[PDB]
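Q: Begin with these chain(s), straight out of the complex:
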Amino acid sequence: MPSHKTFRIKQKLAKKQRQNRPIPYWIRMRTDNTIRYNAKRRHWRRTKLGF
Amino acid sequence: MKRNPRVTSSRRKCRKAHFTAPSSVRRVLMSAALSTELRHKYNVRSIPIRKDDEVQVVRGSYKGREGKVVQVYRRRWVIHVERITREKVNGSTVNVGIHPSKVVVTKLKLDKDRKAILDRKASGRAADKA
Amino acid sequence: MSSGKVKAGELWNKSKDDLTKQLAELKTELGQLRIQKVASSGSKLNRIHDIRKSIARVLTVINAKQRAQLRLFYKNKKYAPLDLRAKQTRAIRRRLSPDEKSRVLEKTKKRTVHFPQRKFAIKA
Amino acid sequence: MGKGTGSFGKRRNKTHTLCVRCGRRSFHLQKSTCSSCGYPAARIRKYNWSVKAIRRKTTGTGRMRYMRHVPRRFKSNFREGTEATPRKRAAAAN
């Protein structure tokens, strides 16, 4: 069999993978100031992603 | 507080508007006091500036510098003038922000639309005085 | 390009036929700047934002032209599945526009129907 | 063997799966219904006993709303003005 093929789940996996990226240095200056320590970067070994 | 059914009055609201300044808000807060020679020509005490003006530091510690206005910054309402600077450790020179109120206008570029501002405000000052 | 191309009022002063040829060129040009996106060129920098705006301008104006011609054709007859959309903004406002008040008092009690003070006095 | 350890370890069945409408794992597969909005369903699932936290989720915040707002503001649907054209027009008032 495939490894659940359905597009609705598949797109979310792609989106979340893109989302789980670090905050990019430059923007911390172009926010004024406020510690942009993302939060929406998760790691697979810990927690669980809901659909 | 003091009187009148109007839109605007709230200590929080006054701060909120002027910090993040929409374009009309920027220009009215970009009004910088004229030097005395210019005050008697255009018959106003203050007008919005430009970038091809020249502006002299009167108020601060930095007093005595003159330069052209290099940039104007919306996001934290500040203006940046040439030669009012602080030195970084390596020897780089970076501009120090100055408020438009502090600095006083040496020289004007008239323009055409900016010129219209001078005429309307001048007419304003004529009406009350006489 | 490295400079921005053109201004909206210029495109207004060009024909529908002229601007569709321009639109083809803009799309071709965009694909060049997309490969240069990877390169990080100073040429594409400003330009790749601005070319999308150029594409948008030509598409808006041609559509507006079609609607104008359509309206002139339609105004004689009974009409509009398209212009009807713009006129209303539908459902709540649609129920409120029979015109009730005038129509009810169009017949029965209308000869004498209102207070004088003037009007009935002035006109006799 | 018994409870907890053996309860966790199997889990090779699926019930609640991704809903298309609301984007929440709540679609009960073998009874084909979403328990977070109703997926086949004429009406969206609304409960007025389900209080603070849940109600606000369904109120949304990925909303448009601004697009809708502008017709409320004007109330009309027209306007007309094309000033600022070489002549020097009427494009600098007072």
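A: Cool, got the structure. Numbering: from 1, shown residues only, chains lettered A, B, ... in the order given.
Q: going forward, measure contacts between C-alpha atoms and count neighbours the same way
A: OK.
Q: what packs against the top helix by length along chain C?
A: Taking DSSP state H as the assignment, the helix of chain C that covers the most residues is helix C:42-74. On a contact count with 3 or more Cα pairs under 8 Å, 6 or more residues apart in numbering or on different chains; DSSP states H and E, helix C:42-74 meets helix C:8-12, helix C:16-39.
Q: What about whichever residue of chain C sits closest to chain A, how many residues nearby?
A: Among the residues of chain C, residue C:40 lies nearest to chain A; the distance is 16.8 Å by Cα to the nearest Cα. Using other Cα atoms under 10 Å in any protein chain shown as the criterion, residue C:40 is surrounded by 12 other residues.
Q: just residue A:11 next, same as before
A: Residue A:11: 11 surrounding residues under other Cα under 10 Å.
Q: so where do the helices sit in chain B?
A: Counting by DSSP H, the segments of chain B that form helices are B:11-20, B:23-28, B:36-42, B:113-129.
Q: where's the last one relative to the chain centroid, distance-wise?
A: Think helix B:113-129. Once both centres are worked out by Cα atoms, centre = their mean, to the nearest Å, helix B:113-129 turns out to sit 17 Å from its chain's centre.
Q: Can you mark which positions in it are buried?
A: B:118, B:121-122 (16 or more other Cα atoms under 10 Å in any protein chain shown).
Q: Dump these into JSON lines; add distance to residue C:64 as well.
A: Supplementary listing: these in JSON lines, determined by distance: Cα to Cα, whole Å:
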{"residue": "B:118", "distance to residue C:64": "40"}
{"residue": "B:121", "distance to residue C:64": "41"}
{"residue": "B:122", "distance to residue C:64": "44"}
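Q: follow-up on the earlier one: next SSE downstream of the longest helix of chain C?
A: Using DSSP states H and E, the helix or strand that follows helix C:42-74 towards the C-terminus is helix C:83-88.
Q: So which elements touch that following helix?
A: With contacts taken as 3+ Cα pairs under 8 Å, 6+ apart, helix C:83-88 sits against no other helix or strand.
Q: Extend the structure above with chain E:
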Amino acid sequence: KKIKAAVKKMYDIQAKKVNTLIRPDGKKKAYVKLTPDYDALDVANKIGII
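A: Now chain E, sitting on the chains shown earlier:
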């Protein structure tokens, strides 16, 4: 079907296959097998690719 037509319009070449890949980007990567009668190398130069 559409992409084979598009390649023919814009680069004047016959395409023999098109192959479709989902990416984690959320867009589709296309490997497009081209004709040996006009070589992909000399197509490449005018829309440069590394």
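Q: ok chain E is loaded, check the neighbour count of residue A:11 again?
A: By the measure other Cα under 10 Å, the count of residues near residue A:11 is 17.
Q: so where does it fall, helix or strand?
A: Under the assignment given by DSSP H and E, the secondary-structure element containing residue A:11 is helix A:7-19.
Q: on that earlier part again, so which bits of the longest helix of chain C are buried?
A: Judged by neighbour count (16+ other Cα under 10 Å), helix C:42-74 contains these buried residues: C:44, C:47-48, C:50-51, C:54-55, C:57-58, C:62.
Q: residue in chain C nearest to chain E?
A: Closest contact between chain C and chain E, by Cα to the nearest Cα, is at residue C:32 (7.2 Å).
Q: From chain B, how far off is that residue?
A: 34 Å (Cα to the nearest Cα, to the nearest Å).
Q: Also residue D:60?
A: 26 Å.
Q: mind listing what the residue in chain B that chain D sits nearest to touches?
A: Of the residues in chain B, the one nearest chain D is residue B:120, at a distance of 6.8 Å by Cα to the nearest Cα. Residue B:120 sits next to residue D:94 when contact means Cα atoms under 8 Å, 6 or more residues apart in numbering or on different chains.
Q: quick one: it from residue B:36, how far?
A: Computed as Cα to Cα, to the nearest Å, the residue B:120 to residue B:36 distance reads 20 Å.
Q: Likewise for residue A:21?
A: For residue A:21, the distance to residue B:36 - Cα to Cα - is 57 Å.
Q: ok, back up a step: how far off centre is the longest helix of chain C?
A: Helix C:42-74 has its average C-alpha position 12 Å from the chain's average C-alpha position, going by Cα atoms, centre = their mean.
Q: residue ranges for the helices of chain E, please.
A: Per DSSP H, chain E has helices spanning E:2-11, E:40-44. These are given in chain order.
Q: Return the set of buried residues in the longest one.
A: Taking 16+ other Cα under 10 Å as the basis for neighbour counts, the residues of helix E:2-11 that come out buried are residue E:4.
Q: What residue, apart from its backbone neighbours, is nearest whichever residue of chain E sits closest to chain D spatially?
A: When Cα to the nearest Cα is the measure, chain E has its nearest residue to chain D at residue E:26, with 17.3 Å between them. Nearest-residue entry for residue E:26: residue A:14, 6.2 Å, with adjacent residues in sequence omitted and distances by Cα to Cα, 6 or more residues apart in numbering or on different chains.
Q: here's RNA strand F, add it to the model above:
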RNA sequence: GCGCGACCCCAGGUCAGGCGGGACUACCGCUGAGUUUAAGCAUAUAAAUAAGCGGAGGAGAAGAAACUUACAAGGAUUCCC
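A: Time to bring in RNA strand F:
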């Protein structure tokens, strides 16, 4: 048969148009608990309330008496005292 009109009843991806869902603060209906209180608890209380469900508007409902009264009679409807 064919019955001009039509009678009665069907069918159009039919001609021009219309309905669902939302909002549900507030409102108009429907439908409807128990904890609680009675130092217990059923009648009763909570409450013709909460929950459940539908539907509109900027307000809505109401509305020119098959009324109130028992008077030298008041006088649609609403809200406050």
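Q: since we added RNA strand F, can you redo the neighbour count of residue A:11?
A: If you count neighbours by other Cα under 10 Å, residue A:11 ends up with 17.
Q: check contacts around the residue nearest to it when sequence neighbours are not counted.
A: For residue A:11, ignoring the flanking residues on the chain, the nearest one in space by Cα to Cα, 6+ apart is residue E:26 at 6.8 Å. Listed by Cα under 8 Å, 6+ apart, the contact partners of residue E:26 are A:11, A:14-15.
Q: what does residue B:53 give?
A: For residue B:53, the contacting residues are B:68-69, B:105-109, taking Cα under 8 Å, 6+ apart as the criterion.
Q: and the nearest residue to it once chain neighbours are set aside, how far is that from chain C?
A: Residue nearest to residue B:53 in three dimensions, not counting chain neighbours: residue B:108, with 4.9 Å by Cα to Cα, 6+ apart. Using Cα to the nearest Cα, one obtains 30 Å as the distance from residue B:108 to chain C.
Q: pretty sure residue B:108 contacts residue B:54?
A: Yes. Proximity of residue B:108 to residue B:54 meets the contact threshold set by Cα atoms under 8 Å, at 7.1 Å.
Q: Return the members of the contacts of residue B:53 classed as buried.
A: Burial by neighbour count, judged by 16+ other Cα under 10 Å, picks out B:68-69, B:105-108 from the contacts of residue B:53.
Q: hang on, the earlier thing: what about the helix holding residue A:11, distance to the chain center?
A: Offset of helix A:7-19 from its chain centre (Cα atoms, centre = their mean): 9 Å.
Q: and whichever residue of chain E sits closest to chain B, what does it touch?
A: Relative to chain B, the nearest point of chain E is residue E:25 (32.7 Å; Cα to the nearest Cα). Listed by Cα under 8 Å, 6+ apart, the contact set of residue E:25 reads A:14-15, A:18.
Q: about what we covered before: what is the nearest of the buried ones among the contacts of residue B:53 to RNA strand F?
A: Proximity to RNA strand F was ranked across those by Cα to the nearest atom of the strand; first place goes to residue B:69, at 50.1 Å.
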